[PDB]
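For ligands, and for the atoms within them, numbers begin at 1 and follow the listed sequence. Note that these values count all heavy atoms, side chains included, but never hydrogens, waters or copies made by symmetry. One is the number of the first residue; the rest follow in order along the sequence.
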Amino acid sequence: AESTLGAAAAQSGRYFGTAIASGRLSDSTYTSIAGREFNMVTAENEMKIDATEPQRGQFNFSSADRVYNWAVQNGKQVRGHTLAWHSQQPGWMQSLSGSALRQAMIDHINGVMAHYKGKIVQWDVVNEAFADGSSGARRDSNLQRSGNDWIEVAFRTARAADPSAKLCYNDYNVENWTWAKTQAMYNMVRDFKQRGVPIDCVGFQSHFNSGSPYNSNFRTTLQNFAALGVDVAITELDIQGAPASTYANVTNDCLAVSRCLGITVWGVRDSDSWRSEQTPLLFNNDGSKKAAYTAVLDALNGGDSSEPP
Ligand SMILES: *[C@H]1OC[C@@H](O[C@@H]2OC[C@@H](O)[C@H](O)[C@H]2O)[C@H](O)[C@H]1F
């Protein structure tokens with residue numbers, strides 16, 4: 001057994017990660033907790049398209065590198081997030097369409113991945129391409145309007161740019177196996193694997209709340225995607241009200257699935273969360289461990305004994 005999340009996860013060859021905000025790296029309580037508890041880091045916003053390429057071909061990795069450096073100097077690996085997404089595009093990219101956009105998408109992938117070549121264990125190459133609801137359709141965005149092949153092209157571009165990284169497709173509201181959105185993502189990944197499109201992993205954002213509750217069939221979802229020959233990862237976990245029960249169920253679902261690489265919770269303390277009003281994380285505002293922390297740690301350890309091995 002181990003006393004911190006990341007170390008406990010590593011006992012089963014997994015990671016327990018967080019989302020780090022560069023602006024919070026001067027907060028010693030934040031860095032003390034994050035450094036102690038997590039062995040994987042995702043930049044909360046610093047590696048997104050707007051932050052890394054604020055003007056066309058004018059890359060900026062200052063804040064991204066502050067997060068990367070903090071992570072590897074503190075022994076954590078890094079998940080890159082995210083290279084091609086409808087949201088958080090800089091204005092110059094939002095105004096592009098068709099072939100111009102396609103070239104800018106490929107150029108953006110190449111510039112960011114070249115900066116981090118060989119440094120990133122997993123990249124969220126494409127994020128949130130499916131529409132919400134029951135259509136199973138692709139979300140309408142400039143990227144989807146440039147051609148349905150944009151997702152496959154992003155993955156091929158990424159594989160060429162850095163063949164050492166695992167390349168993931170990431171989305172939300174795809175955790176419950178009965179949902180149409182889940183099945184659309186499953187059909188796409190299944191097609192990609194059939195044809196040899198370079199995709200190594202599927203990310204489940206895992207934002208559970210009253211509008212999209214956890215279901216025990218999340219384990220079925222994870223198993224079925226793993227059976228397509230891809231790894232699975234829980235990438236942006238947070239749970240409205242932070243019930244320790246549900247946090248432990250999610251943890252045990254990953255631990256039950258051999259290709260589930262690890263879990264990332266989407267921030268450190270509740271005050272750090274993008275949805276702080278839903279108090280959805282493992283640590284209180286004062287840095288203290290919540291009931292959910294204990295249940296997650298115990299799940300990772302397979303129990304809480306205090307005795308000789
Ligand atoms: C999964 O959901 C969380 C999202 O990160 C938020 O993006 C919007 C930004 O205002 C917040 O600070 C971030 O926490 C992440 O990119 C997405 F993939």
Problem - Within 6.0 Å of NZ in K193, more than 12 heavy atoms from elsewhere - result: yes
Problem - More than 12 heavy atoms from other groups under 6.0 Å of NZ on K117 - result: no
Practice task
Do me a favour and list the nearest non-hydrogen protein atom to atom 14 (O) of ligand 1 with residue, atom name and distance?
Solution key: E44 OE2, 2.7 Å
Handout entry: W274 N/O to ligand 1 N/O under 3.5 Å
Key = no
Handout entry: Linked, directly or transitively: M105 and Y169 (ILVMFWY side chains, under 4.5 Å)
Key = yes
Practice task
Answer yes or no: is there a donor N or O on one side and an acceptor on the other, between the side chain of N284 and the main chain of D286, under 3.5 Å?
Solution key: no
Exercise for the section: Using a strict cut-off of 4.0 Å, indicate which atoms of ligand 1 neighbour a heavy atom of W85. Expected result: 16 (O)
Handout entry: Donor-acceptor under 3.5 Å (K290 side chain, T279 main chain)
Key = yes
Exercise for the section: For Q88, take its heavy atoms, then give the atoms of ligand 1 lying under 4.0 Å from any of them. Expected result: 7 (O), 8 (C)
Exercise for the section: Could you tell me whether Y172 approaches ligand 1 through its side chain, its backbone, both or neither, with non-hydrogen atoms closer than 4.0 Å? Expected result: neither
Practice task
Could you check whether the rings of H108 and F59 sit parallel, tilted or perpendicular, using 30° and 60° as the cut-offs?
Solution key: tilted
Exercise for the section: State whether the shortest distance between N or O atoms of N127 and N or O atoms of ligand 1 falls below 3.5 angstrom. Expected result: no
Exercise for the section: Show which atoms of ligand 1 fall inside a sub-4.0 Å distance from at least one heavy-atom site of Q205. Expected result: 1 (C), 2 (O), 18 (F)
Handout entry: Per-atom contacts of ligand 1 with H81, taking only distances under 4.0 Å to non-hydrogen atoms
Key = 15 (C), 16 (O), 17 (C), 18 (F)
Practice task
Give, for atom CE of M188 and atom CD1 of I199, the distance between the pair rounded to the nearest 0.5 Å.
Solution key: 5.5 Å
Practice task
Looking only at protein heavy atoms, identify the closest one to atom 15 (C) of ligand 1 and say how far it is in Å.
Solution key: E236 OE1, 2.9 Å
Practice task
Return the option from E128, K48, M47 holding the heavy atom at the smallest distance from atom 6 (C) of ligand 1.
Solution key: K48
Exercise for the section: Using the side chain to side chain donor-acceptor pair (under 3.5 Å) rule, pick out the option among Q144, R145, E152 that qualifies with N148. Expected result: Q144
Problem - Identity and separation of the nearest protein heavy atom to atom 9 (C) of ligand 1 - result: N45 OD1, 3.4 Å
